[PDB]
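This report refers to the structure that appears directly beneath it.
Computed over heavy atoms, backbone and side chain alike; hydrogens, waters and symmetry mates excluded. Reminder, nothing fancy here: chain letters follow the sequence lines and each chain counts from 1.
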Number of protein chains: 2
Amino acid sequence: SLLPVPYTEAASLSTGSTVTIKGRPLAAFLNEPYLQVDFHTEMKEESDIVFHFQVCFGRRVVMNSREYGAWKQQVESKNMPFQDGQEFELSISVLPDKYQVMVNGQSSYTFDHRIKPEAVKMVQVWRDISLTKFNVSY
Amino acid sequence: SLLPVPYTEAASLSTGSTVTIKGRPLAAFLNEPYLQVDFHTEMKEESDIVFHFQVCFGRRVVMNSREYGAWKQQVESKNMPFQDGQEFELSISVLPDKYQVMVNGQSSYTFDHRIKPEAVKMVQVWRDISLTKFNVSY
């Protein structure tokens, strides 16, 4: 649909920032489409990742950071508020100590800061979704 | 210290969830500082409270719910594992039938569910403490 995917936007984040995404999986959950949101330290896609958020729709969510090119300690959640076949609204809020991920208005995942959010210069949203909205507060 | 107080975080809870808090009273126990933790049904602070936990340090703990704006049956405990002048670690675990409150690793209070924990959308931690950690499992 509307926005290009992979979607890449320059961004600056601090406590009180919110990243809001509206989109739809490109396949039924039976086919395990993915969604990924990465907060990068530079505009280059190979740059380090302060917060990596990867949904396997209907299955699991994994979160991590990529530091000096290496994946760090993976965290996994089986919480799956996303609904098969439906548009979703995803909000990622920068709190003092963590990111909070809201899905369709419900707190669903958190991830403690491993690197200050001020290190972020770019956000990438990609994999098996269409995207109609991407917004960062300033 | 670290986190803002009053502290408000969106939250979702179910059986197996744990809310962990680390903090310190702002006054000696002789001055009866308070600590309060409220599990709310909405983000608004005037919303109903599924679980209200109020410590008068050195004195007593009261627990209650607030339903349709009205306080219900208050429960009181004189158990006081909190130590004068010291940092505390408070864990609130959602069990099938009740909340279990651990203080510094010891089971200290329980409160039977009056409303399903799935009704919770927000947690507020406030009154006479400083806060260095707040975490919800997902």
Q: Spell out, yes or no, whether B:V94 and B:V75 are grouped together once hydrophobic residues are joined by side-chain heavy atoms under 4.5 Å, including indirect joins.
A: yes

Q. At what distance, to the nearest 0.5 angstrom, does OG of B:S14 lie from CG of A:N79?
A. 7.5 Å

**Q.** Donor-acceptor contact below 3.5 Å, side chain B:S12 vs main chain A:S108
**A.** no

Q.
Same cluster or not: A:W126 versus A:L26, using hydrophobic residues (I, L, V, M, F, W, Y) connected whenever any side-chain heavy atoms lie under 4.5 Å apart?
A. no

Q | Least distance between heavy atoms, B:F134 atom then A:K98 atom | A | O-NZ, 2.7 Å

(Q) Keeping A:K78 on the side-chain end and B:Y138 on the backbone end, is there a donor-acceptor pair under 3.5 Å? (A) no

Q | B:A10 to A:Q100 - nearest heavy-atom pair and separation | A | O-OE1, 2.8 Å

Q.
Return the CG to CG distance between A:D97 and B:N135, rounded to the nearest 0.5 Å.
A. 9.5 Å

Q) Can you tell me how far the OG atom of A:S107 sits from the CD atom of B:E9, to the nearest 0.5 Å? A) 6.5 Å

Q) Just how far is it from atom CG of B:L3 to atom CG of A:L95, taken to the nearest 0.5 Å? A) 9.5 Å

Q | Closest approach of B:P4 to A:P96 (non-hydrogen atoms, all atoms of both residues) | A | CD-CG, 4.2 Å

